[PDB]
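Chemist:
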Amino acid sequence: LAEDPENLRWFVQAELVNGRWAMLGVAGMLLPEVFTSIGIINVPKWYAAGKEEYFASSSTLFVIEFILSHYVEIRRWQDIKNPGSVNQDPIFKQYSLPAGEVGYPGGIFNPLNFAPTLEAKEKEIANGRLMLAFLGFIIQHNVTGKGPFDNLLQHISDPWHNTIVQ
Amino acid sequence: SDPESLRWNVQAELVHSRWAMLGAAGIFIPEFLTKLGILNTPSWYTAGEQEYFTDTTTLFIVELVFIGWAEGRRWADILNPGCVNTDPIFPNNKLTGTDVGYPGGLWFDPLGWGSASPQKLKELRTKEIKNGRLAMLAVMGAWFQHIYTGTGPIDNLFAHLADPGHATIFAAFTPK
Amino acid sequence: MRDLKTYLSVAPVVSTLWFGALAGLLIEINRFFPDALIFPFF
Amino acid sequence: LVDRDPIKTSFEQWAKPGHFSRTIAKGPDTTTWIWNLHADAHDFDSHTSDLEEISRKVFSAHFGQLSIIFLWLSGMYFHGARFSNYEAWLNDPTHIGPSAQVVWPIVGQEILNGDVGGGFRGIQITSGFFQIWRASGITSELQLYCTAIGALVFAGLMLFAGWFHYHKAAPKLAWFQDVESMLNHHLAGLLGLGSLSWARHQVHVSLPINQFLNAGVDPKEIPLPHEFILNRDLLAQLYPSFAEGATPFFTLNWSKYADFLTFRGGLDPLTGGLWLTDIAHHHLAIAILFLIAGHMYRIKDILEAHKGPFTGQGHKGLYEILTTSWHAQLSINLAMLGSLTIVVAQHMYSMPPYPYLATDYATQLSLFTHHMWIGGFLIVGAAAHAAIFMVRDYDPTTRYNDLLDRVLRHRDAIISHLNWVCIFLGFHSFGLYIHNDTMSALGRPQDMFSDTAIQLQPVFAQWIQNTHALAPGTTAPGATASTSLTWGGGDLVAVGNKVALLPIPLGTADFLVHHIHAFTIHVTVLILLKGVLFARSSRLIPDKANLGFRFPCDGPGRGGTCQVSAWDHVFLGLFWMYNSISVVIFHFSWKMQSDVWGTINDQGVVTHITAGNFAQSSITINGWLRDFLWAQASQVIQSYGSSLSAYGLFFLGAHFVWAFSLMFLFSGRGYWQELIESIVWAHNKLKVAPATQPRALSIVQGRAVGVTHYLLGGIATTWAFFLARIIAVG
Amino acid sequence: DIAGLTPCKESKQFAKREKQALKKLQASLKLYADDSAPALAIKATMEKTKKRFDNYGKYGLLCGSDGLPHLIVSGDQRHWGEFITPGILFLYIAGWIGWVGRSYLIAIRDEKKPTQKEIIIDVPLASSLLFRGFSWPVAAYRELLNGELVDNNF
Amino acid sequence: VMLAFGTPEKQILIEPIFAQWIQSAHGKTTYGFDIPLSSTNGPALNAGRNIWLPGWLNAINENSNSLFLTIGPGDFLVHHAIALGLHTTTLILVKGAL
Ligand code: CLA
Ligand code: CLA
Ligand SMILES: CC1=C(/C=C/C(C)=C/C=C/C(C)=C/C=C/C=C(C)/C=C/C=C(C)/C=C/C2=C(C)CCCC2(C)C)C(C)(C)CCC1
Ligand SMILES: CC1=C(/C=C/C(C)=C/C=C\C(C)=C\C=C\C=C(C)/C=C/C=C(C)/C=C/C2=C(C)CCCC2(C)C)C(C)(C)CCC1
Ligand SMILES: CCCCCCCCCCCCO[C@H]1O[C@H](CO)[C@@H](O[C@H]2O[C@H](CO)[C@@H](O)[C@H](O)[C@H]2O)[C@H](O)[C@H]1O
Ligand SMILES: CCCCCCCCCCCCO[C@H]1O[C@H](CO)[C@@H](O[C@H]2O[C@H](CO)[C@@H](O)[C@H](O)[C@H]2O)[C@H](O)[C@H]1O
Ligand SMILES: CC1=C(C/C=C(\C)CCC[C@H](C)CCC[C@@H](C)CCCC(C)C)C(=O)c2ccccc2C1=O
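In structure tokens, the structure reads:
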């Protein structure tokens, strides 16, 4: 019987988690970029480490890291239903305990607050979308080629290309 | 006993009509001033000098971005404030309706007398040619078909045919 | 001329300008790719 | 109603919830009404008590149709011009195998379109223009493209005369309900002034422009386009400028002539249409009559006159009404219009009237079965609408005490007979066949009924057929052969691939089909006759006319009390007629190919599409699927991957649609309700149904969706079965 | 690979199908368009089914016997998008037929009487509602399970 | 529609696994597979073998009189149209009853 604007703790959290991981992902590229250096999916096996052991399959490195990742991840689902994180930085974020205004249900637009400091992460929000939908682009453009820019005496024009196969 | 048009998007239909016709304005004077070609004569090289061309389509995206923003934002506000929901003033949303869109926010507002207006004084200039332009364009755009079709040469396509005696064009004139 | 929270009406079978057409533009995808039975992607 | 009455709204009503019978569509929502209203969009109980307009509406609806035919057939005549087949065929006829129509190639489509032609891919046609057509002499594709727009002219105008009625402020009573002239005019100068006018453009122009086509040329090597007036040198051949007669009459001399005419009898050789020259004379000799005839007259006068002792007082003022029933003066008509269409269906196949038909087999049997289903689809109607009379149309009683009031007087009587008639037939009219099976499967031919076995012995020959050709003992003069070539006496000789036309001699095994027709024609009519007669009140219900000719059925009591009514007599009477015609068709082609449709070969040894298999083998009613359905139809179920293929590819659907009808025909009604809710439930859980109360079919709608499907199913099945066994061998 | 014999790369039986059939539809020696501008077996209808070729794509594609293709659709080898690729597609499209079914419906029942709005249709296709359907991410897939249509609405 | 369109190709037929698969478990024998973790032997059954299933319930593939005949796209339809039978037949009996 209750009309609108339900959502709550809800999935404001989901997006922001997308923004924060999108930003990190982009950093995972980032890397070559000035010394053109290394490229693309790479499928790397990541940084290395330096060799005595491997040849390297060496087991499933991910499967393991990821079992651990997995009870950090629960910790967060927990918090979100009923909350405890000492910093308390997504759920509201810091400046913490309030967000009371969300906690008892029903806000409808609300902007929000955070940190003992100030400048309300509305500036992290942006730096954060761009990185959302930046993967979007980045992932899209593979299918074809690695690299962007720098110079024209020839490069900018996009004089001849592949298409999609049909 | 007669249809009822009156139709009611409508007043909009007339402002749509201004877009079409004022825009229709660009065409005539410039192409035709045409350079009264021309003293003589016209060369592009320059940009496109040899850069693998200039526009093709890419020219069309820029054309549109520049525009999208404008055509888009736009009618979005020729006007329209209030902007929600339940029941009718009819414009068709009408939301702006009673509230202009704002009591007390700002100067949304332009000018004296709790109003939008530039004010009373002028139909003058621009109802007669600008709408006369509704007319103008149509016949002169109707003139464009007249001016190319018949394609002198190149293409008959699919004939049951049965012309020639002679070609069609524009330079101007008419013969006859 | 139509803003926010539903608009103007329409007749009994504008479905006959919806079966014919829309749907019609689809033969228009079934000759652009004159064929299917699986499909490449984009 | 009142959105807003009278005087003071131009303003139209679109909206506020809309109309019929006074607890008008509720407000509150339903489905059925969307099915109501297409149905019984005109009945005329409702709109007004008083006939007032309606005659002022039915003139307009008529205009719409006349246009529409016109929209049609401009289309057709188009199609016919600019997808030509025709120019090509006509130099070429009897080679060609003709199309107007082509697909475009999208997806599968185009298996369909397979070389027809003077060298183009086609869908082969079996309605013939290209034969209506032969007549135009002048020729060429862009005209027919004028005859075409000449069509779209008549239309827009013969469609703005329908604006120029009802909608325009428009007419009143006297104009129909003073009849006094109307046939006077109609039959006189149109019936007349067409056939007349048709004469003038049926020797002027057509005769000459196929008088020297029946040789070859590349047309226009023959005919200039206007060519044909003040001029005429050309008439000179095909005869004289009357040279010195005067306005017919006599003080005339022929030592050798008599004006164009000169009657034909028999068929052209090398175009076996029949002579293009009795075609002027006959139409001329028509019109006159009509020209004289439509000159009666003003009425009761003649009808009120003769009476007899059985005979009917009623005959007199046999209807002040008639002028204003309508529903009755349509019902009468349909019987005639309808019964006057399938009389076409004979005179056609046993006397072609267009150049190149018979040789053209498939392009005049399609015909003889299309024209055949109308001279039937319009007859059961011609009963329905009498039932619509018999129940309602006049406010009040004052028809009184006649001829009708007479017929009804007996009624458990006229239909008391007719009944036994049918069981006498049926037993003499079908179990007759079943003898054969039961005894040829027992197997003892000595005693079958075979044309050989039970003795008439080997002649059909003399009844009428043999007196009919043999014709000139007579006050008869004329013409080397017959009125119809088929009749027994005369001729080998007709046509150039092929046989067109030959005696057809019957015997038995034409004897007993001819009788199943009787019994089929008869029990059809029983149900319609007893249906329309017992229209209003019955021994089972008296309170019987009270809503309806429609009502579903009165109610579970009286034992049954279901079918009754007369929508339903015109529901179970269609059901038969679908046979009546469906088995008459089955008759003609099995004959016309088992015998007649032919080939000629050196020394003329005739080779019938089937060497008369009919002989001893239709008489067995399995032979009717041994020799028919399983024999022919092998072309339907072989037809895949071809050009016609759309038949084999229909023949499954529509041979499906039929076997979907039974579901609509054979089932309850609060059933699909009882079901429709389980549905409606599941619907509400997700929140997705209630609004516009979804409802099952309206008892009699369910019957409407029987029947109608049972027919467009069971029918096009053969429309496919056919076009698939004349295209290709035959 | 899984029983029906293997793809394009070889399916003789399949090859024989390519050839006879179409190639004969050819085998009307001519029928004449030596210039002539219209009749199109000639060009494509064959060639559009024909420049089907040792290529088709490639597509794998199983070809039973008589070398007509059979579709396994297992999650293997080549074949995955002969059901899922065009499967989720069917799902996504439908459901955004009826997500808006449960929409230019749950928007009325309301105000001053709404007894048959439905047979005329302000705005057509709802439209407004329409795009809700592509702008479902998740959409019903959580909201149907929680709140709105909610067990109580159940 | 496809056929008699004269493209037979571009027919849609599923060669319908689910049965063929039952009847690997049993067998044999048509052209192998391993089927990961049977493999056409290695893992044989091992717990069971020469006792029980012997030569019996081994016609294998066997056109003449196998027991099991070798199922394809023709059978992935009738088998879905016997299934549309007892379902419809029972929505009406289930209903009829309820
Ligand atoms: C010259 C006469 C002609 C005329 C002018 C009329 C006029 C009339 N008839 Mg009528 N009728 C006729 C011939 C005619 N009939 C014939 C030949 C028959 C015998 C079949 C009938 C049997 C008949 C019945 C049983 C009824 C009428 C009724 C009526 C009245 C209702 C009209 C209506 O709502 O349309 C009705 C038309 C529709 C609702 C359209 C549906 C058509 C469907 C069945 C399609 C047909 C199949 C076709 C292949 C489908 C198209 C192709 C598709 C597959 C794509 C009206 C006064 C009705 C009445 O109650 O009297 C007041 C009554 O229902 N008629
Ligand atoms: C509700 C179901 C309907 C019914 C009554 C049946 C019944 C049958 N199928 Mg079957 N099938 C169906 C739908 C159905 N199927 C669908 C939609 C597919 C995919 C096209 C299949 C694919 C299939 C194969 C390959 C085979 C069968 C077979 C069979 C028969 C043997 C037992 C079996 O394998 O069940 C099949 C059971 C299922 C497929 C479980 C799902 C049941 C439906 C109700 C859930 C709907 C899921 C949805 C449509 C797909 C998910 C989306 C997508 C992303 C995957 C049996 C008569 C076998 C057989 O003996 O053929 C001769 C075997 O060959 N089926
Ligand atoms: C005054 C005048 C006049 C008049 C003129 C006119 C106007 C005329 C006409 C003419 C006409 C007026 C004609 C008509 C004709 C008609 C017809 C010829 C009919 C038809 C039809 C059809 C063809 C149809 C058919 C069909 C059928 C069979 C049925 C149904 C189907 C269909 C439709 C197909 C005159 C001349 C003296 C001159 C002087 C002045
Ligand atoms: C999946 C789906 C579907 C389905 C489809 C199908 C499955 C179908 C079918 C169908 C069938 C399975 C059958 C049908 C048939 C039809 C018909 C058939 C129609 C019509 C007709 C006509 C047009 C006719 C005409 C005629 C005349 C003139 C008279 C008589 C004769 C004839 C009949 C010839 C669709 C896509 C739809 C939708 C979506 C989903
Ligand atoms: C959350 C649960 C689901 C919600 C669905 C139920 C909706 C509630 C329905 C309203 C119940 C009856 O309410 C009813 O009383 C009102 C006042 O007493 C009346 O209201 C009327 O009288 C007023 C007097 O000035 C006028 O200003 C109002 O315009 C007029 O509507 C109406 O007759 C009706 O609105
Ligand atoms: C089908 C069962 C036969 C029962 C009916 C037989 C009785 C009549 C005899 C045969 C009927 C066919 O009639 C046919 O006779 C001859 C075949 O021999 C052919 O005879 C034709 O061919 C020759 C060419 O100059 C000449 O012999 C004739 O002058 C000519 O009429 C004809 O094409 C046709 O007129
Ligand atoms: C099967 C059957 C039904 C059930 C048949 C029904 C309910 C047919 C009505 C179905 C309608 C035509 C579906 C209409 C829905 C669509 C038109 C709406 C969406 C619009 C589209 C764009 C798809 C009866 O109601 C019935 C009544 C009396 C005697 C026999 C029978 C009978 O045999």
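Chains as they are written, first to last, in PDB author numbering: chain 4, 81 to 246; chain 2, 94 to 269; chain J, 1 to 42; chain A, 21 to 318, 327 to 758; chain F, 78 to 231; chain B, 442 to 539.
Even for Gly, the Cβ is constructed at its ideal location relative to N, Cα and C.
Which one of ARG24 (chain A), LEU213 (chain A), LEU740 (chain A), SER75 (chain A) has the shortest CA to CA distance from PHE405 (chain A)?
Modeler: Position 377 of the fourth sequence, counted from the start, is the residue given in the question as residue 405 (chain A). With distances taken between Cα atoms, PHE405 (chain A) lies closest to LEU740 (chain A).
Chemist: Rounded to the nearest angstrom, how far is the Cβ of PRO34 (chain J) from that of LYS125 (chain F), given a contact under 8 Å?
Modeler: The count along the third sequence starts at 1 and reaches residue 34 (chain J) at position 34. The count along the fifth sequence starts at 1 and reaches residue 125 (chain F) at position 48. With a Cβ gap of about 6 Å, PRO34 (chain J) and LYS125 (chain F) count as contacting.
Chemist: When DSSP labels each residue in this structure, what does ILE312 (chain A) get in the three-state scheme?
Modeler: As a first step, residue 312 (chain A) must be located in the fourth sequence, where it is residue number 292. DSSP places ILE312 (chain A) in strand when its eight states are reduced to three.
Chemist: Assuming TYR195 (chain 2) and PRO174 (chain 2) are in contact, meaning their beta carbons sit under 8 Å apart, how far apart are those beta carbons, in whole angstroms?
Modeler: Start at 1 with the first residue of the second sequence, and residue 195 (chain 2) comes out as number 102. Start at 1 with the first residue of the second sequence, and residue 174 (chain 2) comes out as number 81. Sure, about 7 Å apart at Cβ, within 8 Å.
Chemist: Is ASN361 (chain A) helix, strand or coil when you go by DSSP?
Modeler: For the purposes of this step, residue 361 (chain A) is taken as residue 333 along the fourth sequence, with counting starting at 1. The answer is helix: DSSP assigns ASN361 (chain A) an H, G or I state.
Chemist: Does the contact criterion of 3 or more C-beta pairs under 8 Å hold for the region 142-153 of chain A versus the region 387-395 of chain A?
Modeler: yes
Chemist: Out of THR511 (chain A), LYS328 (chain A), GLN129 (chain A), state which residue places its alpha-carbon closest to the alpha-carbon of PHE283 (chain A).
Modeler: Working through the fourth sequence from its first residue, we reach residue 283 (chain A) at position 263. Considering only alpha carbons, the answer is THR511 (chain A).
Chemist: Using a Cβ-Cβ cutoff of less than 7 Å, which residues in the same chain neighbour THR352 (chain A) once the five nearest sequence positions on both sides are dropped?
Modeler: In the fourth sequence, counting from the first residue as 1, residue 352 (chain A) sits at position 324. So the qualifying residues of the chain are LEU71, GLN197.
Chemist: Mapping DSSP to helix, strand and coil, what is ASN56 (chain A)?
Modeler: Position 36 of the fourth sequence holds residue 56 (chain A). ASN56 (chain A): strand per DSSP, three-state reduction.
Chemist: For a test of your reading of the model: does the CB of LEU520 (chain A) fall under 7 Å from any non-hydrogen atom of ligand 6? Yes or no.
Modeler: In the fourth sequence, counting from the first residue as 1, residue 520 (chain A) sits at position 492. Checking the Cβ of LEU520 (chain A) against ligand 6 gives yes.
Chemist: Determine the direct distance from the alpha carbon of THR503 (chain A) to that of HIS438 (chain A), and round the result to whole angstroms.
Modeler: Numbered from 1 along the fourth sequence, position 410 holds the residue referred to as residue 438 (chain A). Numbered from 1 along the fourth sequence, position 475 holds the residue referred to as residue 503 (chain A). Each residue's Cα considered, the two are about 45 Å apart.
Chemist: Would you tell me roughly how many angstroms separate the C-alpha atoms of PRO115 (chain F) and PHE140 (chain A), rounded to the nearest one?
Modeler: Counted from its first residue, the fifth sequence places residue 115 (chain F) at position 38. Counted from its first residue, the fourth sequence places residue 140 (chain A) at position 120. Distance between the alpha carbons of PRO115 (chain F) and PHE140 (chain A) is about 8 Å.
Chemist: For the region 260-275 of chain A against the region 283-295 of chain A, do three or more pairs of beta-carbon atoms, one drawn from each stretch, fall closer than 8 Å, so that the two count as touching?
Modeler: no
Chemist: Output the boundary residues of the beta strand (DSSP E) element that contains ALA120 (chain A).
Modeler: Sequence index remark: in the fourth sequence, residue 120 (chain A) carries index 100 (1-based). From DSSP, the beta strand (DSSP E) with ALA120 (chain A) extends over 119-121.
Chemist: Identify the continuous alpha helix (DSSP H) that holds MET605 (chain A) and give its terminal residues.
Modeler: Here residue 605 (chain A) refers to the residue found at position 577 of the fourth sequence. Unbroken alpha helix (DSSP H) run through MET605 (chain A): 600-622.
Chemist: Here's a check: name, in chain order, each residue in its chain whose Cβ is nearer than 6 Å to the Cβ of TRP101 (chain 2), leaving out the five neighbours to either side.
Modeler: As a working mapping, residue 101 (chain 2) is identified with position 8 in the second sequence. Nothing listed; no residue qualifies.
Chemist: From the DSSP output, which residues share a beta bridge with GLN474 (chain A)?
Modeler: As a working note, residue 474 (chain A) is residue 446 in the fourth sequence. DSSP lists no partner for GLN474 (chain A).
Chemist: Can you give me the C-alpha to C-alpha distance between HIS62 (chain A) and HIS355 (chain A), rounded to a whole angstrom?
Modeler: Counted from its first residue, the fourth sequence places residue 62 (chain A) at position 42. Counted from its first residue, the fourth sequence places residue 355 (chain A) at position 327. Whole-angstrom Cα-Cα distance: 12 Å.
Chemist: Tell me the rounded alpha-carbon separation between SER367 (chain A) and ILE407 (chain A).
Modeler: Against the fourth sequence, residue 367 (chain A) aligns to sequence position 339. Against the fourth sequence, residue 407 (chain A) aligns to sequence position 379. Answer to the nearest angstrom: the Cα atoms are 7 Å apart.
Chemist: Between which residues of its own chain and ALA168 (chain A) is the CB-CB distance below 7 Å, once the five residues before and five after are set aside?
Modeler: Locating residue 168 (chain A) in the fourth sequence gives position 148, counting from the first residue. Closer than 7 Å at Cβ, skipping near neighbours: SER94, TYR97, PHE98, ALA101.
Chemist: Would the C-beta of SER217 (chain A) count as close to ligand 3, meaning under 7 Å from any of its heavy atoms?
Modeler: Working through the fourth sequence from its first residue, we reach residue 217 (chain A) at position 197. Checking every heavy atom of ligand 3 against the Cβ of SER217 (chain A), one is found closer than 7 Å.
Chemist: Just list the alpha helix (DSSP H) runs in the region 121-165 of chain 4, keeping only unbroken ones of 4 residues or longer that don't cross its boundaries, in chain order.
Modeler: 141-161
Chemist: Measuring only the C-alpha atoms, how far is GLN154 (chain F) from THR83 (chain F)?
Modeler: Taking the fifth sequence and counting its residues from 1, one reaches residue 154 (chain F) at position 77. Taking the fifth sequence and counting its residues from 1, one reaches residue 83 (chain F) at position 6. Going from the Cα of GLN154 (chain F) to the Cα of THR83 (chain F) covers about 11 Å.
Chemist: Taking all protein chains shown into account, do 16 or more other C-beta atoms lie within 10 angstroms of the C-beta of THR548 (chain A), making it buried, or fewer, making it exposed?
Modeler: Locating residue 548 (chain A) in the fourth sequence gives position 520, counting from the first residue. Buried.
Chemist: Cβ atoms of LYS203 (chain 4) and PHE194 (chain 4): under 8 Å apart, would you say?
Modeler: Residue 194 (chain 4) sits at position 114 when you count from the first residue of the first sequence. Residue 203 (chain 4) sits at position 123 when you count from the first residue of the first sequence. For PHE194 (chain 4) and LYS203 (chain 4), no; Cβs fall outside 8 Å.
Chemist: Just mark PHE211 (chain F) as buried or exposed, buried being the case when its beta carbon has 16 or more other beta carbons within 10 Å.
Modeler: Start at 1 with the first residue of the fifth sequence, and residue 211 (chain F) comes out as number 134. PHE211 (chain F) is exposed by the Cβ-count criterion.
Chemist: Have a look at the DSSP bridge pairing and note the partners of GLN144 (chain A).
Modeler: In the fourth sequence, counting from the first residue as 1, residue 144 (chain A) sits at position 124. Bridge partners of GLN144 (chain A): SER119 (chain A).
Chemist: Over what stretch of residues does the alpha helix (DSSP H) that includes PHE750 (chain A) continue unbroken?
Modeler: To locate residue 750 (chain A), count along the fourth sequence from 1; it is residue 722. Residues 736-750.
Chemist: Could you name the residues whose beta carbon sits closer than 6 Å to any heavy atom belonging to ligand 4, keeping them in chain order?
Modeler: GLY681 (chain A), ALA682 (chain A), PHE684 (chain A), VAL685 (chain A), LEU740 (chain A), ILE743 (chain A), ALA744 (chain A), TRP747 (chain A)
Chemist: So, for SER201 (chain A): in the same chain, excluding its five sequence neighbours on each side, which residues have a beta-carbon less than 7 Å away from its beta-carbon?
Modeler: Counted from its first residue, the fourth sequence places residue 201 (chain A) at position 181. Contacts found: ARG318.
Chemist: Pick out whichever of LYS226 (chain 4), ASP159 (chain 4), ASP238 (chain 4), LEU233 (chain 4) has its Cα sitting closest to the Cα of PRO112 (chain 4).
Modeler: Within the first sequence, numbered from 1, the residue matching residue 112 (chain 4) stands at position 32. When only C-alpha atoms are compared, the closest one is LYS226 (chain 4).
Chemist: Note down, in chain order, every chain F residue with its Cβ under 7 Å from the Cβ of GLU83 (chain 4).
Modeler: The residue you call residue 83 (chain 4) lines up with position 3 of the first sequence. Correct list: empty, because the minimum Cβ distance to chain F is about 10 Å.
Chemist: Looking at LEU81 (chain 4) and ligand 5, is the gap between the Cβ and the nearest heavy atom below 7 Å?
Modeler: In the first sequence, residue 81 (chain 4) corresponds to position 1, counting from 1. At a threshold of 7 Å, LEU81 (chain 4) counts as near ligand 5, since its beta carbon sits closer than that to one of the ligand's heavy atoms.
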